[PDB]
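Trainee: Mind having a look at this structure? Questions to follow.
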Amino acid sequence: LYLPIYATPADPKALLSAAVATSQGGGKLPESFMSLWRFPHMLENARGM
Amino acid sequence: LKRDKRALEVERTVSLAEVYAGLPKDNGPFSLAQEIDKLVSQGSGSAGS
């Protein structure tokens, strides 16, 4: 005589994704070297480089 | 640019008449005056070593 209760499933969860970052240290300068070129020429050189 | 640097200068004068006239006596020392003007005239010869 008793009709059982019709328990019913809930909605699916929203899948979630994690987005993390990466970090890497600052750079370091080389040692400067003195050279025989007057500044305008060594500047045209470096600018090309 | 790092390796190459200003090379210093000299001008030396070298006299061949003194080089041969001052030749160490284990080779026959001679001034070019008396061998040019006979190796012009004769078809063969030598001096020094």
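Following the order of the structure tokens, first chain is A, next is B, and so on, with residues numbered from 1 inside each chain and ligands from 1 in the order they appear.
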Identify every residue of chain A that has at least one atom within 10 Å of any atom of chain B, counting only C-alpha atoms, and report the result as number ranges by chain.

Mentor: A: 33-37

Trainee: Quick one: residues within 12 Å of segment 36-47 of chain B, only C-alpha atoms counted, chain neighbours fewer than 2 positions away excluded, as a CSV table (one decimal) with N, CA, C and O atoms, in the first residue's frame?

Mentor:
```csv
chain,number,residue,atom,x,y,z
B,17,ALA,N,124.1,47.5,-47.5
B,17,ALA,CA,125.5,47.6,-47.7
B,17,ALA,C,126.2,47.5,-46.3
B,17,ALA,O,127.3,46.8,-46.3
B,20,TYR,N,125.6,43.5,-45.2
B,20,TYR,CA,126.6,42.6,-45.8
B,20,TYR,C,128.1,43.0,-45.5
B,20,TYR,O,128.9,42.1,-45.3
B,21,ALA,N,128.3,44.3,-45.3
B,21,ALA,CA,129.7,44.7,-45.0
B,21,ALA,C,130.1,44.2,-43.6
B,21,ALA,O,131.2,43.9,-43.3
B,23,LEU,N,129.0,41.6,-42.1
B,23,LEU,CA,128.7,40.2,-42.0
B,23,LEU,C,129.7,39.5,-41.1
B,23,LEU,O,130.9,39.7,-41.2
B,27,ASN,N,131.2,34.0,-42.5
B,27,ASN,CA,130.9,34.1,-43.9
B,27,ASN,C,131.7,35.3,-44.5
B,27,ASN,O,132.0,36.2,-43.8
B,28,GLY,N,132.1,35.2,-45.7
B,28,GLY,CA,132.9,36.2,-46.3
B,28,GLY,C,132.3,37.6,-46.5
B,28,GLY,O,131.3,37.8,-47.2
B,29,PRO,N,132.8,38.6,-45.7
B,29,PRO,CA,132.2,39.9,-45.7
B,29,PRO,C,132.5,40.7,-46.9
B,29,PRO,O,133.7,40.6,-47.4
B,30,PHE,N,131.5,41.4,-47.5
B,30,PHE,CA,131.7,42.1,-48.8
B,30,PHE,C,130.8,43.2,-48.8
B,30,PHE,O,129.6,43.2,-48.4
B,31,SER,N,131.3,44.3,-49.4
B,31,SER,CA,130.5,45.5,-49.8
B,31,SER,C,130.0,45.3,-51.2
B,31,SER,O,130.7,44.9,-52.1
B,32,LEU,N,128.7,45.7,-51.4
B,32,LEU,CA,128.1,45.5,-52.7
B,32,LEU,C,128.8,46.2,-53.9
B,32,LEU,O,128.5,45.8,-55.0
B,33,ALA,N,129.6,47.1,-53.6
B,33,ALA,CA,130.3,47.9,-54.7
B,33,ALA,C,131.1,47.0,-55.6
B,33,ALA,O,131.1,47.1,-56.8
B,34,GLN,N,131.9,46.1,-55.0
B,34,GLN,CA,132.9,45.3,-55.7
B,34,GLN,C,132.3,43.9,-56.2
B,34,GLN,O,133.1,43.2,-56.8
B,49,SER,N,127.5,33.7,-47.7
B,49,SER,CA,127.0,32.3,-47.6
B,49,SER,C,125.5,32.3,-47.0
B,49,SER,O,125.1,33.3,-46.4
```

Trainee: So that I can check the secondary structure, give me every residue of chain B assigned helix (DSSP H, G or I) by backbone DSSP, as a ChimeraX atom specification.

Mentor: /B:16-21,33-39

Trainee: Mind pulling up the distance from atom CA of residue 19 of chain B to atom CA of residue 48 of chain B?

Mentor: 11.2 Å
